Structure formats: C-alpha cells, structure tokens
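Below is one structure, written out as structure tokens; comments come after it.
Quick note: the coordinates plus some simple rules give every number you see, no bench work behind them. No Cβ is skipped: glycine too gets one built from the backbone with ideal geometry, and neighbour counts run over all protein chains shown.
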Amino acid sequence: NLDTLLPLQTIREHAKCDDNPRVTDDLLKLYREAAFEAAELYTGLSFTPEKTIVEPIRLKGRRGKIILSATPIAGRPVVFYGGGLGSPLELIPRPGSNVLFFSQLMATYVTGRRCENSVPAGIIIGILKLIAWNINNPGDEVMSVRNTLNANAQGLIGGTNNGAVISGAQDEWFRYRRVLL
Amino acid sequence: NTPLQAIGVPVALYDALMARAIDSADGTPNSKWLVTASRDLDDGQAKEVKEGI
C-alpha cells in the first residue's frame, strides 16, 4: 500500500528535502499517491501481486482472434468457458503478447509479476523524477531550458515546461509501454 | 554477298540489351516499403513492430 514499496525516506533523500518543514508528511503522501496512479494508469499495469481476471471475449476477424486486456502470464493456461462451449477449453499464451486463437464467451487468467517484490526500478525512477518535479516546481511561471526565464518578443515557447513529460519521468515508464503493433 | 554482312551492329546491340534485361531481372530487389526506425526503440519491440507490419 505504497508505504512498503516507496518509503517516504527514499523520496526525502532523492529530492533532497529532508530538512524542509514546508513539505509535511501528508503533502508528500499526496504527491506519492497521485503519482503512483497518474503513471500507472499511463502504463496500464496493476501493482498488486498476481491478480486473477474474468472478462468477456469477442472474436474478431474471419480466422478467429482473441484480444485480451492484460498480457496475462508466462506459461499458465488461460481457459475459456460459456458461449456455446461444452467444456472449458485451455489455451497457452505466448509470453508478453495478449492475443490468442482457437451466453457470452468468457475468459479467465492471472496477470501480474510473481513475487511481492513489486514494480521494477524503472517504474520507481519515473515516480521519483515526477515527485521531485512536483515538489519544487509548481505551476506558476513558464520556464525554459536550464530553468531560465526568457521573453521571445512573441509567444512564450512554454508550450509545455509545465508537465510530467519534462522530467525524464514520463519517458522512463515508456520503456515498458509496448508500441501496439 | 550475304545479309549477314550488314547486321552485325544490330544483332550485337540486341544481345547487349537482352543481357542487360536478364541480369537486371534477378538482382534488383523485388521488395517495397523500405521502413526505418530510430535509435531509440529497444530492439525487442522493434522486432514486435516488424511482426506488426
């Protein structure tokens, strides 16, 4: 529950704020908890251990195709039932991919990483970068490269310079995002 | 006095052109869609993009 897999001490040591009384524990908790789902929703990976799923299935294409929604597991049969089946049928997925082949057709499996030793360092590095940006960079002024403040005699280039993306946070997590096809 | 006196040039030209054609028939890659990615794509999914296309 985010207390054991991201100790506030590690955050306070990363962003070097261990002596700031203006970042109380409740505020850091709000940051740590709004960034453990603003960049989990983004990657579509639950963080709890292996967590079963049950969901309907709709075949697509004349040759049969079953698009799941979890990239289920490595080496454990996903089983199908209902929907005109006379006996639950078991398929074996191929690692990483979430496509299979052969009164609604249902399917069940188990997604997630085996152990409780949860999300790899890649995920955490993203959060650490996202938190740090959040605590010492509120959105009140547009910046520029090297936190400089320019003028431009025209529109600020600050198209962004005010969004997670800026920190290599958002792009770290991407390394685990899978470019659909 | 035979026709073969005055057909050396065109028959040689014909041979050269047909040899060029035969050669280029096998040797020019018959592939389309020269696709290219960038050095930031984690080959391990660039395999997956290829399998997608």
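Once you've got the Cα coordinates, tell me which of A:16/A:129; A:129/B:47; A:29/A:51; A:65/B:50 are over 23 Å apart.
Pairs exceeding 23 Å: A:129/B:47; A:29/A:51.
Once phi is turned into θ = phi - 60°, what whole-Hz ³J(HN,Hα) does the Karplus curve with 6.51, -1.76 and 1.60 give for every residue of the stretch B:29-41, x standing for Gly and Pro?
Result, ordered by residue: x, 8, 8, 10, 6, 6, 8, 8, 9, 10, 6, 7, 9 Hz.
Once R0 is set to 35 Å, what does the formula 1/(1 + (r/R0)^6) return for the Cβ-Cβ distance between residue A:103 and residue A:176, expressed as a FRET efficiency to the nearest 0.05?
Computed FRET efficiency for residue A:103 and residue A:176 comes out at 0.40.
Under a plain spin-label model, where a point goes 7 Å from the Cα along Cα-to-Cβ, how far apart in nm are residue A:152 and residue B:5?
Label-label distance for residue A:152 and residue B:5, simple model: 8.6 nm.
Ordered by residue, what ³J(HN,Hα) values in Hz, to whole numbers, does the stretch A:19-29 give under the Karplus form 6.51 cos²θ - 1.76 cosθ + 1.60, where θ = phi - 60° and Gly and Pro are x?
These are the phi-based 3J(HN,Hα) values: 10, 7, x, 7, 10, 5, 5, 5, 5, 4, 5 Hz.
Using a/c under 1.5 as the rounded threshold, could you call the stretch A:1-135 rounded, prolate or oblate? The axes a ≥ b ≥ c are square roots of the C-alpha gyration tensor eigenvalues, and prolate needs a/b larger than b/c, oblate otherwise.
prolate
Taking amide H positions as placed 1.01 Å from N in the peptide plane, with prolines and chain starts having none, which residues 5 or more places from residue A:78, or on another chain, fall under 5 Å of its amide H?
A:91
Classify the protein assembly as shown as rounded, prolate or oblate from the Cα gyration tensor: take a ≥ b ≥ c as the square roots of its eigenvalues, call it rounded if a/c is under 1.5, otherwise prolate when a/b beats b/c and oblate if not.
oblate
If you take the square roots of the eigenvalues of the alpha-carbon gyration tensor of the stretch A:121-181 and sort them as a ≥ b ≥ c, do you get rounded (a/c under 1.5), prolate (a/b over b/c) or oblate?
Oblate, since a/c reaches 1.5 and b/c is not below a/b.
Identify which of B:21, B:12, B:37 has the largest mean-square fluctuation in a Gaussian network model of chain B, with springs joining Cα atoms closer than 10 Å.
Among B:21, B:12, B:37, the largest GNM mean-square fluctuation belongs to B:37.
Please report the spacing between the Cα centers of the stretch A:44-118 and the stretch A:125-181 in Å, no decimals.
36 Å
Modelling each spin label as a point 7 Å along the Cα-to-Cβ direction, I'd like the residue A:27/residue B:32 distance in nm, to one decimal.
Distance between the two pseudo-spin positions: 6.1 nm.
Put +1 on the Cβ of each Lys and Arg and -1 on the Cβ of each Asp and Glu in the stretch A:109-181; which of A:153, A:136, A:124 then has its Cα farthest toward the positive end of the dipole?
Positive-most Cα among the choices belongs to A:124.
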